[PDB]
């Protein structure tokens, strides 16, 4: 009776949900916000971090990457969303890392703009993170141009993470981009969003 705790509008929560489904692991989804339902969340995990995974035996896990590591173990080698071959796995880890970096910077911009008064915003911080955000997608765009991702309907962790990251960035920090930027990244993300597993796991 796996249980995923968190809102799907969080890229970290969403990547775990889509990975769970792609891995073929049934679960219960509890949409609880770490902001609007702080106590209910704390009652499940006192650190109040989303996503939180409650295992069958009740063990509580956090950090999307560690949770997925667990799920990969639970699903077995054949179901893996990661390549096992070293060079291919290396490329996959770089793509996921860039996607997670994009998520991190996007969330940082959101937190800076929404968890403190406008008076307290720090221009230098926003500038720094915004540049890092642009860099993360730029690096991803370059990787995708070198070796496009398959569009056979199947998904790997890089594909899941990149698509979730892009959609999240466009929903929350769209002002950081010009319409035509990162065409390959946007292209894969919009293709992915039309896949059954993405349609069944809406961000909102």
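Residue numbers count along the first chain shown, from 1.
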**Message:** Mean Cα B factor from the PDB record: higher for 154-162, or higher for 139-147?
**Reply:** 139-147
**Message:** Comparing average C-alpha B factors as deposited, tell me which of 31-39 and 47-55 sits higher.
**Reply:** 31-39
**Request:** Pick out which of 100, 115, 71, 93 has the highest C-alpha B-factor in the PDB entry.
**Result:** 115
**Asked** Within this chain, which third does the Cα B-factor at residue 131 fall in: lowest, middle or highest?
**Response** lowest
**Request:** Give the position of residue 25 by CA B-factor within its chain, expressed as the lowest, middle or highest third.
**Result:** highest
**Fill in**
Of the three thirds of the chain ranked by Cα temperature factor, residue 176 occupies the middle
**Asked** Is the Cα B-factor recorded for residue 85 in the lowest, middle or highest third of its chain?
**Response** highest
**Asked** Which third of the chain holds residue 110 when residues are ordered by C-alpha B factor: lowest, middle or highest?
**Response** middle
